[PDB]
Amino acid sequence: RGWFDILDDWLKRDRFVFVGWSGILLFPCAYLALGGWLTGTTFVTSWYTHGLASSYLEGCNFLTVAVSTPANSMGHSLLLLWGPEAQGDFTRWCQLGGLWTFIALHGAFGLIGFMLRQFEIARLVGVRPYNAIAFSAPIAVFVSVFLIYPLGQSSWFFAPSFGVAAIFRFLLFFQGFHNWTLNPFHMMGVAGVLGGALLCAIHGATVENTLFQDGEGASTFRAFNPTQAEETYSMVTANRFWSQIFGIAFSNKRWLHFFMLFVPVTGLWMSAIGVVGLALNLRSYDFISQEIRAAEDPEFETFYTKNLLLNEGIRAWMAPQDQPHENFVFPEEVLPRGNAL
Amino acid sequence: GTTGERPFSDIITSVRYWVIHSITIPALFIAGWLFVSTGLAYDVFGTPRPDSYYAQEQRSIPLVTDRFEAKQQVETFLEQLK
Amino acid sequence: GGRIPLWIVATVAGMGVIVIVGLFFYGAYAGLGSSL
Amino acid sequence: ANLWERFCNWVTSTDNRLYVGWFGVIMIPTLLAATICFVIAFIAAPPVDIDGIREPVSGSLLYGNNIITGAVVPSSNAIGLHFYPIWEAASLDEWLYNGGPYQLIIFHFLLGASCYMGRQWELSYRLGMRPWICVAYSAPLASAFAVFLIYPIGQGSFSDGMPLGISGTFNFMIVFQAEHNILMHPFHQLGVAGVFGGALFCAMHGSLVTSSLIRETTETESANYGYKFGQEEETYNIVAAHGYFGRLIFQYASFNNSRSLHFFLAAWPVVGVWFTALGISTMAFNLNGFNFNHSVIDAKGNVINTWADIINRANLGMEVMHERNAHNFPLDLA
Amino acid sequence: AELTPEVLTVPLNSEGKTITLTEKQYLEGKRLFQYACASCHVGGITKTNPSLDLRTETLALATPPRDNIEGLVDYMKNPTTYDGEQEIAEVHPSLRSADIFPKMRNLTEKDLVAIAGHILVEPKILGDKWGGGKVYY
Amino acid sequence: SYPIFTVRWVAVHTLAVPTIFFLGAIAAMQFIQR
Amino acid sequence: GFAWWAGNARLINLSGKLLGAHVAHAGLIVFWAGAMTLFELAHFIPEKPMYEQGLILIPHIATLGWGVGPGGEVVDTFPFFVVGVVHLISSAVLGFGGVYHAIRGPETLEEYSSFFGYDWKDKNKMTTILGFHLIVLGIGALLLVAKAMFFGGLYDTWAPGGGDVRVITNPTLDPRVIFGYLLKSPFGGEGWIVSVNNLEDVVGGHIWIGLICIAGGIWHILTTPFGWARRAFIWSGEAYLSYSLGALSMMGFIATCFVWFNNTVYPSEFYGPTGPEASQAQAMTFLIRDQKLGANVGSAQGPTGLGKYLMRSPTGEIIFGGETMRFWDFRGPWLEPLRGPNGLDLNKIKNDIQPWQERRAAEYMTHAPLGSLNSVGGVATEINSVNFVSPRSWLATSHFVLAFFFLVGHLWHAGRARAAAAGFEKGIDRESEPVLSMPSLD
Ligand code: CLA
Ligand code: CLA
Ligand code: CLA
Ligand code: CLA
Ligand code: HEC
Ligand SMILES: CC1=C(/C=C/C(C)=C/C=C/C(C)=C/C=C/C=C(C)/C=C/C=C(C)/C=C/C2=C(C)CCCC2(C)C)C(C)(C)CCC1
Ligand SMILES: CC1=C(/C=C/C(C)=C/C=C/C(C)=C/C=C/C=C(C)/C=C/C=C(C)/C=C/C2=C(C)CCCC2(C)C)C(C)(C)CCC1
Ligand SMILES: CC1=C(/C=C/C(C)=C/C=C/C(C)=C/C=C/C=C(C)/C=C/C=C(C)/C=C/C2=C(C)CCCC2(C)C)C(C)(C)CCC1
Ligand code: OEY
Ligand SMILES: [Cl-]
Ligand SMILES: [Cl-]
Ligand SMILES: [Fe+2]
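Chains as they are written, first to last, in the authors' numbering: chain D, 12 to 352; chain E, 3 to 84; chain J, 5 to 40; chain A, 11 to 344; chain V, 1 to 137; chain F, 12 to 45; chain C, 32 to 473.
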């Protein structure tokens, strides 16, 4: 019972906000990632890295504020405050995009800290660590999108900027440049996210509409007690209903709740794999057979060829302002356009 | 089902709490206001004022184009405004 | 202990939120970011 | 023992392997008609002149498509919102060229899906359940009405309804963003939150219940065998789950009432998807997402671009290219 | 950059005399342009006839030259086609036709000067954006 | 018997104190003119 | 039984308090109509079209013929003021009775008087209350007939000369016309009852509706529901509410389409042009511009091979070309002079387009009902400048939302009324679970 055990004792005291050993990593990094984002979106410009206003101070609103990525000329610099680019000048550090690496790096270590917290609390309380395992899916998404993806590209500049409309721009970039909707790993992610939301709604509704009458009130919430041994709804009636409505139904309460873990976690993991490919521009952009036929046969048209024309418009029309370091000058006559528009 | 801290509902309905915080809250609000109205926020963060995004006859973004001269590039852009 | 009634704390706090948020929406039409 | 009463008893019987019911009397023929026509069209339909410009778009497998590019193509812009059944065409060849199958499918499907919702009410009544599962289903159903019926109504043409295909869906999405800025519309933002949050809570609830399963099996067998269908006792310890999750955040951020918890699980994605269905349904009448194009200008009046202006550049690209041969005049008003 | 007197200085007539607007006049003219003109002329284009814009170089080549305060004030009273050959008051808003274009009824002589001044100042600020259309948005 | 200063007290003010300061700064911004 | 968040369900069997809730709520409705009208009038500027000013109630009054003259010019704003003040004043009386019956008046009515008291299960009394309200509604429809025929008439956008207020002397009574509308297809070119395009049919329909409602009111005062009706319905207050929720839903969906397509009882002078109208006007505008330059718009082949300006509809009618081919069912007063028996007449197009038609098309094309949630007018890629969202977009979207939620409300209360009537709205009886007494499916 030395100083280590005495510190263990204090970290694991049952208090309003549990601390734990994991709290030493989690709480500084979470607070700084969050405080960095609120500071930047309130006060900090993107004029020197993007040619964009991005703070409330500059006139932006909650949808258009962002902590924007550093200039392309920084490469993948860590952009440490004390590093060779800002050289300890706090003001220059903000203007060069240092808050972006600050937030991304502290956010990453905060995510680690949060998953360790899930492990730590589960061990102390005595439950299996499946909530921590499920949280692997948000972690894979964050690291694949915010770190691996720009590390495969020319610079951090092409990572997502931390803002509502900046993320909207990220979506559209990925359509026009990567044809990301065509990518089967994203499609598997879509099915996991929408399948998860389906399972969430259908399961909640089923329980609430197969309840046992355990009180007399019209509000049925009051008729549950957290220490009761009895199931509060009828699995047997729920199974009959869904078997006759949909053909098949759950019959095992454990499988059902595991499947609810499984579906959205797996979906997110699949999309992360696809973004890892896009780090290398390894896209599912084209179908070669469609392109060979369409090049030879000007009457052949599909929704696939229709969408590539859309992608080509996006690229030519957004690239000069979206990639200002490239000094794209596209004269009017080269811009792709249909008739009249 | 309590961990020993004082309940929140007891605190915010207490007179002493409001004695302290009817001062501490407006003071913080006033401090934040002054941070902006004095212009200090522009200076601390390097955020352009409405008159200093461009030079008078200038329509080019002052974009940082060098990794290790970046700090100096910003500084040269700023001089060209004054 | 239980001096200031809770329902009065909620009303005044809630109207303080309304005031601050309303001022942000007024600001969408005036000054910076108003398009004018 | 009257003949009509015997039919009535069979329609509403709770002993049929699949419940029929009065809603099912309509649902079964309309869904079969829609399904059979869709499968046949997807495999074999000839190209359709969706935009009414005599430029047919090939949608089916036999005409050079795969699973990802294929579609049942929306009906001709020359038809607009006119009703186009088979018997209004001079020939099936005409009806196919003009996209008649799409109308037949979406009308039969929306009817059959609406009766699907009614059927959910009806069986709940025959089994002595509470009735509101069908209310959960009204959120996906409203979303299908929005992209198949409401949006064409407001825009004047089923040619602008969502195609019955994978790449056609993405086409619909891209064009929708160029013309309505849906990303900047709060009801779509609420839909994302309902769908993201729904996936989140699905994973949360699944992991918390799985985390607190009571030990009932050995390590050599699936834990799932620790539950037997219809057992009276709960299979996990909700107080242990509450004790874990309440400490993960703080105590009062965790449920200990299972009814409240499952109602929350029901309500969040259902309401979020109601709003996103309403978003499509109101952008049908061209009340569009927030426009902050050139909202920031400097002391001289120079435009200071924001991320909203970058979005607009991408939207402009989609605008100028979509349906590249169908516009003769400068404004794409529908 | 700021709204300096030099940018606020625009030609008064073809002879070469100039006039220097105030910030107030510029802001007034911008409000009035939005009220009475922008539904067709937003950003210096013409929605119902895109061949003709409000760019200064276009206005300079109109007959009656319209790149000056006088020429623009006269246009708002008695608009003509681009070659000067016909009066178009019955299809284009003007004081001469304020009975059929009721938004022109309560425009005073100084309102016209402010509107004209806005049209002449704005290309000095926005460059190609003014009258360039969606390419430059 | 309740303590006044706790870990909870710290966490609360860690968030609440800069929040009010920020609301003050953003409020002032609504009156900035170009 | 009910929690605070379902607290108004505690009113179900307190007829006196429930009366106060209804009457107080009616005062809220009349209050909004009063205050909104005054707000609109305080903000009104006559030199600007109503639809550039965000008005939705003043256009409803103008349509009734008050305040407007030829062309829809506002000539006198005092009728607007009066309509708003009288509504505003009346909301005090309804508020007064509402709060009295909710707080101080008798909590239940059936002890105080057998006339005003009711049991939800009393089918005779319930149809008597329904009959009284049917008569009121039938009177309501005849007031519109009265205004149209005897008190100055209605605004007629189709009136020769640009539109004007017109007394209706020959309302349509032929039931083949009136009920013919109820049986037209809702699809394009037909439009169900939304296609009503003249005031004689409008006024004639309201004579019919008033008589039918009054007749039905007397019918329901005098009878009780037949046995087939008694075995087919649920007879409870929540069931009745759910029926009305379904009815309001259906009516909101109809109203949405009415304001989106109809330019007769929603004149474009007041509400701005319709989607189809503005799209037709753009083709008209550039037909006019190009033809003035010397273009032969009849013979001009466009990029696809279809006419650049003019083409055929699928049944042969000459119509405007481009994407607006979808909108050829549009009919409007500024366009109909150009229509001959085969559609648009090329001789009239070459020779007979008037300046007022050029102005109107230019105006409508530049006031198409497109705009952002923050009221930036135009397509979604347009820059800030024009503060405009069509009243038609505002009225269509708002009422689609309301109509949708009231359909959900119908499902909610219909399913609950069924469950409550059969005795299992609170959940399944553990000792008598129906499925446990049923044979298994396999
Ligand atoms: C249009 C909205 C509306 C209306 C008309 C009503 C009306 C009513 N409600 Mg409901 N209610 C509503 C919304 C509404 N409610 C909402 C949104 C909620 C959710 C929070 C509830 C929750 C709720 C609960 C939980 C309960 C009711 C009950 C009641 C009834 C008695 C309330 C009472 O005695 O309070 C007494 C309140 C006071 C004495 C305070 C003063 C209130 C006055 C009337 C304010 C009016 C001011 C106004 C300016 C006066 C103008 C005067 C001028 C005209 C002369 C009454 C008929 C109760 C009930 O059913 O009882 C059996 C009940 O238990 N309501
Ligand atoms: C539909 C709404 C409605 C209904 C059903 C009732 C029903 C009732 N009220 Mg309530 N009340 C209402 C509205 C309503 N009231 C309003 C709006 C007010 C404020 C003026 C009141 C104020 C009020 C008070 C102060 C009292 C009642 C009382 C009563 C009871 C006896 C009334 C009686 O014998 O009158 C007999 C009938 C008449 C005298 C009718 C006279 C002619 C009327 C006014 C013509 C109606 C005008 C027309 C049809 C429509 C309005 C015009 C408008 C559209 C411009 C009865 C249960 C009494 C009660 O409960 O006793 C304990 C009582 O003291 N009421
Ligand atoms: C608010 C209006 C209202 C309401 C709620 C009621 C309610 C009622 N009426 Mg009354 N009725 C009314 C107005 C109303 N009525 C009017 C104005 C008249 C005069 C014409 C009548 C004449 C009347 C008669 C003659 C009878 C009733 C009866 C009944 C009861 C059974 C109704 C029923 O089965 O409907 C369900 C509807 C049907 C079974 C048939 C529906 C056929 C319609 C036309 C289908 C069309 C719907 C379509 C999808 C939507 C488009 C519209 C279409 C027409 C184009 C019920 C209590 C019955 C009763 O018991 O009276 C004692 C009865 O025999 N009513
Ligand atoms: C004429 C219309 C009508 C009427 C009279 C009723 C009446 C009733 N309903 Mg139904 N309901 C309706 C429409 C209607 N409903 C619609 C359209 C829906 C679908 C959304 C529902 C959905 C519904 C549910 C899910 C439930 C009821 C219930 C009830 C009962 C209790 C209501 C209560 O106390 O609410 C109290 C009021 C509140 C708690 C406040 C509601 C706040 C709303 C949601 C916010 C709206 C804000 C708005 C968008 C503006 C925002 C601006 C900002 C400044 C706020 C009562 C019998 C309950 C029941 O079954 O009892 C038997 C119940 O559980 N209703
Ligand atoms: C649509 C209804 C318009 C409104 C409102 C305004 N203008 Fe216009 N303008 C319009 C057209 C169709 C044309 C071309 C007319 C022709 O056939 O020659 C114009 C032209 C002008 C010009 C001349 C441009 C040039 O010579 O390059 C000017 C200076 C002009 N319009 C000004 C103007 C003003 C000041 C307005 C508000 C009071 C205004 N216009 C409104 C269409 C429309
Ligand atoms: C970065 C950095 C740092 C840090 C910092 C920090 C930590 C910060 C914090 C910050 C903060 C911490 C801030 C905050 C703010 C907040 C805010 C600004 C909020 C707002 C909100 C609101 C607005 C809300 C409202 C509402 C609504 C709207 C609706 C509903 C209701 C409510 C009420 C919720 C340091 C120093 C290290 C240095 C380096 C750099
Ligand atoms: C029951 C209840 C409730 C409700 C209530 C209600 C809803 C009520 C209503 C009420 C009302 C509804 C009221 C009203 C009022 C009104 C008034 C009081 C009026 C007055 C007016 C005036 C005085 C006017 C004047 C004028 C003139 C004459 C001219 C012009 C100008 C002016 C405007 C100035 C609640 C929820 C709360 C709660 C619970 C209970
Ligand atoms: C005014 C006017 C007019 C006229 C109108 C009319 C004449 C109308 C009528 C209308 C009508 C005449 C309507 C009707 C309705 C109906 C309905 C809406 C129905 C419903 C039904 C139901 C809902 C049922 C249900 C059920 C079943 C099916 C089974 C059994 C059970 C029950 C009962 C539940 C016109 C257009 C010319 C013009 C304009 C104005
Ligand atoms: O977006 Mn663009 O807008 Ca609605 O129409 Mn006009 O063009 Mn075409 O028919 Mn399909 O698409
Ligand atoms: Cl396309
Ligand atoms: Cl076109
Ligand atoms: Fe569960």
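Backbone N, C-alpha and C fix where the C-beta goes; we use that ideal spot for every residue, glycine too.
In this structure, the C-beta of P206(C) stays at least 7 Å away from each heavy atom of ligand 3.
A straight-line Cα-Cα distance of about 53 Å links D360(C) and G148(C).
Restricting attention to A44(D), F232(D), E131(D) and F146(D), the CA atom closest to the CA of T112(D) is found in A44(D).
Chain-ordered, the residues whose CB falls short of 7 Å from any heavy atom of ligand 12 come out as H214(D), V218(D), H268(D), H215(A), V219(A) and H272(A). Between ligand 9 and the CB of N325(A), the shortest heavy atom gap is not smaller than 7 Å. Per DSSP, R134(D) is one residue of the alpha helix (DSSP H) stretching across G109 to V136.
Bounds of any beta strand (DSSP E) do not take in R265(D); it lies within the alpha helix (DSSP H) bounded by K264 to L289.
For the stretch 24-48 of chain E, the beta-carbon criterion of a distance under 9 Å to any beta-carbon of chain J is satisfied by none of its residues.
Residues whose Cβ lies closer than 7 Å to any heavy atom of ligand 1, listed in chain order: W35(C), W36(C), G38(C), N39(C), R41(C), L42(C), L45(C), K48(C), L49(C), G51(C), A52(C), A55(C), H56(C), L59(C), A123(C), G126(C), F127(C), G129(C), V130(C), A133(C) and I134(C). When rounded, the separation of the alpha-carbon atoms in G226(D) and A40(C) is 18 Å. At a cut-off of 8 Å, the C-beta of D333(D) has a neighbouring C-beta in chain A. With 16 or more other CB atoms across the displayed protein chains lying within 10 angstroms of its CB, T159(C) is buried. Counting only runs of 4 or more residues that sit fully inside the stretch 92-168 of chain C, the alpha helix (DSSP H) segments are 109-130, in chain order. For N418(C) and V407(C), the gap between their C-alpha atoms comes out near 5 Å.
For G131(V), no Cβ of chain E is located within less than 8 Å of the residue's own Cβ. Following the DSSP letters along the chain, one finds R180(D) inside the alpha helix (DSSP H) bounded by residues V175 to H189. Under the 10 Å beta carbon count, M126(D) is surrounded by 16 or more other beta carbons and is classified as buried.
The DSSP-derived three-state label of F351(C) is strand. At a cut-off of 8 Å between beta-carbon atoms, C71(D) makes contact with chain J.
Straight-line spacing of the CA atoms in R136(A) and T245(A) works out to 28 Å. Scanning its chain for C-beta atoms nearer than 8 Å, with the 5 sequence neighbours on each side dropped, one finds no residue around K84(E). A residue is called buried when at least 16 other Cβ atoms come within 10 angstroms of its Cβ; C40(D) meets this threshold and is buried. Here the C-alpha atom of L90(D) lies approximately 6 Å from the C-alpha atom of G109(D). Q255(D) is classed as buried because its beta carbon has at least 16 other beta carbons within 10 Å across all chains shown. As far as DSSP is concerned, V157(A) takes part in no beta bridge. Listed in chain order, the non-local C-beta contacts of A392(C) below 6 Å within the same chain comprise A312, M315 and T316, local neighbours out to five positions each way being set aside. Looking at the DSSP output, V313(A) bridges to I307(A). Separation of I115(A) and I22(J) (C-alpha to C-alpha, rounded to the nearest whole angstrom) is 49 Å.
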